[PDB]
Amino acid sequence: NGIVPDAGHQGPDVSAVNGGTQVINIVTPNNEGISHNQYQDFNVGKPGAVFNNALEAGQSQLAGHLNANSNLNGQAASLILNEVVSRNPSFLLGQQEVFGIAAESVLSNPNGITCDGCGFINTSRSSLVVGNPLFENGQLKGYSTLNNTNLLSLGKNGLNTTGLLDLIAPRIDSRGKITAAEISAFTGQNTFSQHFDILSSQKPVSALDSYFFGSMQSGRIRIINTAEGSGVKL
C-alpha cells in the first residue's frame, strides 16, 4: 500500500502480487513519450515495485510473468515521470524495475525523498527530485526546487543502479554507498530544464547545507551547488 495513485486521469493502476511487490500499470504516454503518473503516496518497500512499460507479455525480475500494459496503446514510455501531488514524503527501501522497454524514470516529491537500500533496474537514467515538475501548455518544461528547503536523504544501505543517476534537491544528506554509472547532484534552489540544465537559481533565506558521507562507487561524479556560501561537507 506504499504507492497510492491519484484519483484523476493521471493516476496509474496499482496492485500487489506475490510477496507484496507493487505493480504499476503506468498511464498512457503523451506524444513526447512521457508517461506522467500522479500519486497521493509513493513509497517502495523491500519487495520492490515494477513499472509495466511492456508492449508484449514476459517475465519481470520482481513480479513474475506480466501481460503487456494495456494503457500503452502500442507505444512504450520514454520517460516515466512519477509525481507526488500531496504533502506526503517518499521512502524508497527497495528496487524499482522497469518491465519491458527500458526507460528513464523521475520521482518528483517536493516534500522530501528518502532512499535506504533503494535501487533501479532496467532504467537508463533515474532521477530523484525534491521539487516539482514544470509544465507549459501541456508539455513538460523542467523542474523547480525554488522556495523549497526539504531534504533528499540517502541512508546507510545506499542506492544502486547500473544506469545514470540524478539527485536534485534543496539539500542532500547521504550516509551510504551510491553506486551508479554516473552521479549528478544539483543542490540549492533552482529551476531546471528537462535534462537538468540549471536555468535559474535563487539565494535561500537561510543556509541549505548538503552532507555527503559514505562513499560513491561511480566513474563520474558531479556536484553543483548554487546556494552561494553553502558548501558540501565530506
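Note that residue numbering begins at 1 and tracks the sequence as displayed.
As the entry records it, the average C-alpha temperature factor is higher for 70-78, out of 96-104 and 70-78.
Mean C-alpha B-factor is higher over 157-165 than over the other stretch, the pair under comparison being 157-165 and 105-113.
The maximum CA B-factor among the listed residues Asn53, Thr28, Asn37, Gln194, taken from the PDB record, is found at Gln194.
Ranked against the other modelled residues of its chain, the C-alpha B-factor of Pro5 as given in the entry falls in the lowest third. Placement of the Cα temperature factor of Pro170 within the chain: lowest third of the modelled residues, per the deposited record.
Among all modelled residues in its chain, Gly119 ranks in the middle third by Cα B-factor. When all modelled residues of the chain are sorted by CA temperature factor, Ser127 is found within the lowest third.
Remark: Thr145 belongs to the lowest third of its chain, ranked by C-alpha B-factor as recorded.
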